[PDB]
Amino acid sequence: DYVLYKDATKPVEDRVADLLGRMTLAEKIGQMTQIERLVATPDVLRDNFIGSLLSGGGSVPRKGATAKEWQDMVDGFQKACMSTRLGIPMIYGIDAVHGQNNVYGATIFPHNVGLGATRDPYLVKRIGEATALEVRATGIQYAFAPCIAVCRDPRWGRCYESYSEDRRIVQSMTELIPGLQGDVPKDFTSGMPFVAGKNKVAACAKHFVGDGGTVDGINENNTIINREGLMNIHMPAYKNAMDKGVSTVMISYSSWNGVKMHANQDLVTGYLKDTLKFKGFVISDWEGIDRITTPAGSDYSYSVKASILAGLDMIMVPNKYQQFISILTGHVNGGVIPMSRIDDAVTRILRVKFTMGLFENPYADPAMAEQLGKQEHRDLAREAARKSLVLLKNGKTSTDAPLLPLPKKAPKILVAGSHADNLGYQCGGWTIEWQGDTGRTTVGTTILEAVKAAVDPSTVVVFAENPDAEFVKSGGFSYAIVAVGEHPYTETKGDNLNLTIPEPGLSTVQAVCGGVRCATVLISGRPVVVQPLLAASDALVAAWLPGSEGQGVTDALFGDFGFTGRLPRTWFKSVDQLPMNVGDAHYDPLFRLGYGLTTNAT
């Protein structure tokens, strides 16, 4: 007879209920399973009724693969899923944290900390829109963004993924969600999931909760703070996410007062689900449940029980699905985990899938392939890059002539530094590779390239990665642009207790600036010991991790636009002051939050 759940003209809730009521335990648990593409097969996906696949950092079908290659890969996995008895389409997830960053040729936008410096939520919203198009351009329908952590200690390797240390700024930036998913209807209830259609993607608010408040900025560690602070600082943005209809929420590896988030039923079910009324699905982090126990995985059975009972709906296994599905099946077959729990998880997962139209459009649209790296997106990124720059110094003394804007016409100029012509360094972590990379890893424009594309044709441009003092003094230069900073990093490989950029960097700035007036471009995902760099430079700009569009940097250096960016974090005098945020009693910053010199277009 008639099959309600397959009827597109029927309400989401009715369809969910109809489909759920037909599912077997194996099919229900399968929906709760998310596996890495590396361990997926048509048989595996079909036989285990897999509900979702993801692509971890760097997990690509081929280096430099095209948009169609991605679409083909996703579709291949989908055909397998659509062939099951119920034909429930899978949702493919990926880390498009600043563009479809794993994908080659994809537009790379400035990382969040830089976006916070723009104080322009609408811009961030437009980036979310561009990002959705580029993610769908590769056939993917789910982005693990935005990260709305409120980084409170720069020593955190993931601080660049935090818009600001001030939650009011992080809140304003949740506009990325409607950009990615689309604007929610005027009626809309806070907490319901939403996705406009096949041209949008389901978003993810992560990492619930307090991931940006770990002691000493140690990643995945403990966040020691009263419930007032937890709710005053780390919780606010999630409510905005609820109001804007975020589709999913990922749990944090971090603990809150000794308790693992992946096991905290009070917050996940009690607060997020019951209090906040979140109706989308809650997903774990990469082996997040394994880490509930220490050693990690030392009691996977306990890990599955604790996390599921806590309230999580989908688990990012993401490799040993056999064990996950086996163990969870036993716990259910044994009464250790009630069917209501399983039925709730599946309800939430199916609600999200029906709502976003996955049952109507399970396959990729070949016509979206051109969206990947569309010039307009690059122009947008370029704009974001420029607007995220923060001018810290612009003249050695109160009476010096302002160095920036620099003249586009000069006899001979010098571009130098380890970050002057290194697209990978410029993009930072979460780009092509998980930990990011060095060199020309994708399609873009380096600072050196941008400079050459901006100057007058009569202007001779010379490049030196690390020239010595003499080379500069006898070079007959009019001025120099030196770029230096941190190297790409992600998560733990990024935690740093000394926060001083690697060498050569300072030496290059001192050697260059000693020979000719200079403008130092500091590439970093956070504030770093900067007094020595300021000492040597005539002008210095904090460019954060601008992304693939280097011209955004020169658009400001050469006066096409005036600097407008303002520090989205506190800039410390020394690491021993940390933690140290705006509003603290001992607040003695080198540059207070909100600081930013300005200039006007020529």
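Position 1 is the first residue in the sequence shown; the rest follow in order.
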- prompt: So 508 to 516 or 479 to 487, which one's hotter by mean CA B-factor in the entry?
  reply: 508 to 516
Of 185 to 193 and 206 to 214, the stretch whose C-alpha atoms average the higher B-factor in the entry: 185 to 193
message: Using only the C-alpha B-factors in the record, can you name which of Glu175, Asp95, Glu470, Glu383 has the highest?
response: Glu470
message: Among the choices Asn219, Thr138, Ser524, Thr431, identify the one whose CA B-factor in the record is greatest.
response: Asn219
- line: Chain thirds by Cα B factor, record data; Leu545 belongs to the lowest
task: Taking the chain's C-alpha temperature factors as the reference, tell me which third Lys28 falls into: lowest, middle or highest.
output: lowest
message: Please say which third, lowest, middle or highest, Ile233 falls into when its CA temperature factor is compared across its chain.
response: highest
message: When the deposited Cα B-factors of this chain's modelled residues are ordered and cut into thirds, is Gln34 in the lowest, the middle or the highest one?
response: lowest
task: Would you please rank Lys125 by its C-alpha temperature factor against the other modelled residues of its chain and give the third it falls in: lowest, middle or highest?
output: lowest
